[PDB]
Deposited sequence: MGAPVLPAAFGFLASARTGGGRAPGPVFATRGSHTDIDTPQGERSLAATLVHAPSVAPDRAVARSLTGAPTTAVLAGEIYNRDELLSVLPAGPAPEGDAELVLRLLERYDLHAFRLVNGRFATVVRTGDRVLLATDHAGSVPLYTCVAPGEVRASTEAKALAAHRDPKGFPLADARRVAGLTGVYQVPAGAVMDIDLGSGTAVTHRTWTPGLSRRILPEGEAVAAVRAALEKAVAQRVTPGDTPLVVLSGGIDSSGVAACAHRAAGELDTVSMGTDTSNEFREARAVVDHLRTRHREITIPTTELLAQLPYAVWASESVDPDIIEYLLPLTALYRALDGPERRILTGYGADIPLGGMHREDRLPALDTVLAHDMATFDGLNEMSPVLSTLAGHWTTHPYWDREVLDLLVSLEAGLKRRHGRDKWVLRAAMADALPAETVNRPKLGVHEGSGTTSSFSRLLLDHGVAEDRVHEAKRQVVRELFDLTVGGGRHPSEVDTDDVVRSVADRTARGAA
C-alpha cells in the first residue's frame, strides 16, 4: 500500500526529519567505501524494497524513496526474465543497461541516490515531486530528501542553493547529477523538460485521450485490494481523480477540509453521492489554520508565500486525519498545464502564463510527499503524472479554453462520470474555498501591516519561519506564529 521508504539521509565516503515513520540504517558491506544511509519509512512497511545492491560494474548500492508507475514498461526493456524485487532493484537493472539515461525512461514519484565504485548518482523524477538535496565535497557526498537534515561544501553548477544555507543544493527536477567522489566534480543531465510545442486534435480524440491518460495514471497509483483516499473539494480536478480511482478500486474513501470562514462541503457532497463514497468532513478553526504556518514551511521547505498559502489547508487536513496511514490521491496541479487561472476567451494570455508556470515550478516543492508524510500519510498526484502532464501541456490553448469554459478538455473527459453540476463547476483555489489568503492577510492587517505591503510581509514571515524550522533545526511546535508576525509587522 505504501512505498518502501519516504525519504533518506545518505553519505558516500542522528538524522531528524519532518517525515514521520521508522528509521532503518542500511548495512555497510564494504564498510567503508560503501554507501551509508538512514531510511525513513512507514512502520508497516519493509525498507528492503527501497534498497538494492549489486556488483555489476563495481560494488553498487541503490537507495530509493517513493515509487515508480510505469513498471510494466521498464520491465519490458530488460533482458533476462527474473524480475527485480522492487523499485530500487528495478532502477539498478535499468542503470546497468542505459546508464544514467535510465532516468529518461522513468515515470514515477521518487528520489534516489546510487553509489557504484567512487561514482555517485543523484536523480529525481521528471517533476522533482520528491525533493532531493545534496552537499558535495572532494571525498564526501551527502544526499537527503530533506534539506533540514543537511543544514546540521563546494558550489554545484546547474543546481540551485537552498535559502539561508551554504554548500546545500537542491537537485533540479527531472535531472541526474553524476558525481566523481575522488575529484568532487559534478555534472548534471536533464532527463525531462516541459514541451514547448502544441498539439492539435479534434474534440472527440482530445477528450478521449485525456480521459484514457488520467485513468491509467490513477490506476497506476491505486494499490490492488486497497481502497484509496481522495482529498475531494468538489472541483473538477479532484472530482475527476475520484471518478477514476473509484473505477480502479470499485470503492472510494473521500475527505474534505473546511474552516469557520469557508468550505466546499456542498460541492463535494454532490460528488460523494454520485459515486457513493465513504465521505468525511473536517472543519478546522481559522486560528488553527494559521497556526499551521510553521508546519507547512518546515515540511515543504519552501519560501514561496503564495505556495505556502496553498499548502496550509492541505497540511492541516493531513495532520487532522484519523485512522491508519493512507494512500492519498489528489487533484493537485491540474490547473498549471491547463491555465486554471485564465478567465477569458483570448487564448494568447493562457499560453503565456502556462509556459511561464511550466518553466518556474521547480524549487516550489508544492507537491512534496513530506506535506502528508509528516503525519504518516503518503500522497501522489495523477495530474502531474509524466504521461498525463506531457499531454495536458501539449494541447493547444483552444482545447483548454473552449465553449466559454476553462479547462474544457478535462471537464468534457469526466462528463459521463460526474454530475453536470460538477462538470461545469467554475474553478476555485483552495485558498479561496477556505479563506486562507484572506485569513493570512487579515492576520497581518490586524497587526498594523499596511496594504501595498501585505505580500512582502507574507514573504518575510515565511522566510523567517524557514530560517527557524529548516535552517535552525527548530520544531514547528516550538515556534509561535504570532510572535513572528509581530516581529515582521514592526517594519
{"query": "Missing CA stretches, deposited numbering from 1, N-terminus first", "finding": "1-4, 18-24, 164-168, 508-513"}
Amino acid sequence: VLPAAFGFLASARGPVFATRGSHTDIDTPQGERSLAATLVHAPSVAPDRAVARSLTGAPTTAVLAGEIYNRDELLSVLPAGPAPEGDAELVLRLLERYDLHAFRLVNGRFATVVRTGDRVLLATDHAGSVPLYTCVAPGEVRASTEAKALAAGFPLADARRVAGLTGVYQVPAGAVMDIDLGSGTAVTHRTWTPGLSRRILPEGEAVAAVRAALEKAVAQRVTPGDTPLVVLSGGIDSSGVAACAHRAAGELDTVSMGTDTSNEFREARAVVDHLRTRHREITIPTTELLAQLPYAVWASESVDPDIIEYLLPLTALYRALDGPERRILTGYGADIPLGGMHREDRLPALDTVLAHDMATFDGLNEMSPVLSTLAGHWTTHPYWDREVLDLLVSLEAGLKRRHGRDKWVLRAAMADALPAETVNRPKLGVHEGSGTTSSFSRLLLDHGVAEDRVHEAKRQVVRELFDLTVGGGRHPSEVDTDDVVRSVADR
From here on, numbers count along this sequence of modelled residues.
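Heads up, when I say rigid core I mean the largest set of C-alphas that superpose within 1.5 Å between the two forms.
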{"query": "Between 106-114 and 304-312, larger RMS Cα displacement in 4 other deposited structures of this protein after core fit", "finding": "304-312"}
{"query": "Stretch farther from the shown model on average in 4 other deposited structures of this protein, with CA RMS computed after core superposition (341-349, 398-406)", "finding": "341-349"}
{"query": "Unmodelled in at least a third of other entries of this protein, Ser438", "finding": "no"}
{"query": "Cross-entry absence of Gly153, a third or more of other PDB entries", "finding": "yes"}
{"query": "Entry-level comparison of average CA B-factors, 330-338 and 287-295, reporting the higher stretch", "finding": "287-295"}
{"query": "Which of 114-122 and 178-186 has higher mean CA B factor, as the PDB entry lists it", "finding": "178-186"}
{"query": "Peak C-alpha temperature factor (PDB record), options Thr436, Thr61, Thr56, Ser44", "finding": "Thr436"}
{"query": "Options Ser368, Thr193, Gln170, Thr166 - largest CA temperature factor per the record", "finding": "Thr166"}
{"query": "Lowest, middle or highest third - CA B-factor, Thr223", "finding": "highest"}
{"query": "Lowest, middle or highest third - CA B-factor, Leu9", "finding": "lowest"}
{"query": "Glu96, C-alpha B-factor rank within chain (lowest, middle or highest third)", "finding": "middle"}
{"query": "Chain third (lowest, middle, highest) by recorded CA B-factor, residue given as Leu78", "finding": "highest"}
{"query": "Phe154 - Cα temperature factor, lowest/middle/highest third of chain", "finding": "highest"}
